[PDB]
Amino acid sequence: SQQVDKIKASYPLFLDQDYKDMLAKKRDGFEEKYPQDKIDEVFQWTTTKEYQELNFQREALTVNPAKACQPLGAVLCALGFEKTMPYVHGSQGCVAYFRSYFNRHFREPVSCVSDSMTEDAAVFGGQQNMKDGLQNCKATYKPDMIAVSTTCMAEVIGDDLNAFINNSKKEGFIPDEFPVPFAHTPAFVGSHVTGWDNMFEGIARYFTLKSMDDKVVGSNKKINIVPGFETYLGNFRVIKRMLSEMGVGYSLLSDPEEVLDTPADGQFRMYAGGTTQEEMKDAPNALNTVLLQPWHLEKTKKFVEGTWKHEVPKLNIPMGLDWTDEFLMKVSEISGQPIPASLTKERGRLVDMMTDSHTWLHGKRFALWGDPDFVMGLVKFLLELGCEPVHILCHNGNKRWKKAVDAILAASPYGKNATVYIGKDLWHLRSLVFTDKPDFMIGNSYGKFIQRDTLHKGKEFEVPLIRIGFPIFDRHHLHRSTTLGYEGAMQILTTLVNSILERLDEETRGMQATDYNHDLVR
């Protein structure tokens, strides 16, 4: 039933008595469900010392991964170029998934096409898809560039992207001078960040490799900035903001901030902003190239050093205090620009917030996950804050990365109780927050089901989720936030300290029971 003035959605409609009895009768009549006490026994078993050991014996089964597949990152990389249409050579279902994945995180349109390779293309290759695909896409959506990647179907059957695009130009489906950069992105290799790296290198390949004879390193007196897989609008904007403040000529290579944030003013803009093709052609003339997230830009690095002849600085992701300091000092050395009073003051304000908030942050234990560069920057900042990154999980990390992070934990007393896990997933992490319970989780929206599980064992055991990372689907407009630089460190600090205080307020809300500690001032 419904009362017209007060409509009930699924919650709490199905808590009505008649819906509750019906759901009880459906279960007892036809579901053959394990008795509740058998369910409770097993749930308790799944939280134990025992279950975790078996859980970490897994070799074949993955449960609740913390990574996506390559072509997802190739799409995001392609969206950062001017009037560029990302184009995934393979099956259509992938593209609908890529688009929907980014639609929900950015709450924005995401334009991307497939060439609809079918069962028949598996037997004789997808070259006809490529020729008609390029021609249709160019004619219908009018892009200045089409950046081509692959689904796993195209990879396994061996479609040669290079030959296929060349034949599409040969037989006149697209003009010969029309830019069609490409990159193979097998979903069974690496993860979504690898697809970003492969795509960017392919695009850098296209506009540069054959034109090096006229290139002089540093002639454009600029610094190239490669952001990598990045899903916070504020991270693109804070990097450009700091460089402009320093008066440093720069070129952001792949910059999707405009297309991922168009205004609602009565018209739909398929393309907006992005790195121009000329900025790509002129990149070799830069003083140097800075990789913002080097641990998933390895191939790009080799090309920037091998072909552009740039000596890429060894810089960590600009997260936290020390690593933003190092980023700014290295930019100052390359560009000759001094760090201005404006950025030195912003630094002191971040340190000020650390001094005012250290009494509530000190010793707080965290479980966290994400991409390799995002994770280690979060690790470093938590140490600078006096926190303990107890569980550090990176599903798509490698051994070299884990060693660099282990070295960081060793240089601080707050890394004493910390362990770095690679190749493990969120079901592994579920065990850790039960066995070695932390105070909070820092992770994406998938982590909400882990807090779900912890609360079921008991309120005392609940581990609240702090949403930082990708993807964040159950909150609105957090994709606008910043995690890099001092500004991003200021946002992370405030979120962390206030999550602690909101949880303290919750635990001291009980009148006459615990509200003696329900202080107005904290």
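Numbering starts at 1 and follows the sequence shown.
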Stretch exceeding the other in mean C-alpha B-factor - 475-483, 33-41: 33-41
Which of 47-55 and 490-498 has higher mean CA B factor, as the PDB entry lists it: 47-55
Out of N103, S445, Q451, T208, highest CA B-factor residue: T208
Out of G348, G320, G125, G73, highest CA B-factor residue: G125
B-factor third for the C-alpha atom of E311 within its chain: highest
For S357, the third of its chain into which the C-alpha B factor falls: lowest
For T435, the third of its chain into which the C-alpha B factor falls: middle
Where the record places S1 (Cα B-factor, split into thirds across the chain): middle
CA B-factor ranking of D115, expressed as a third of its chain: highest
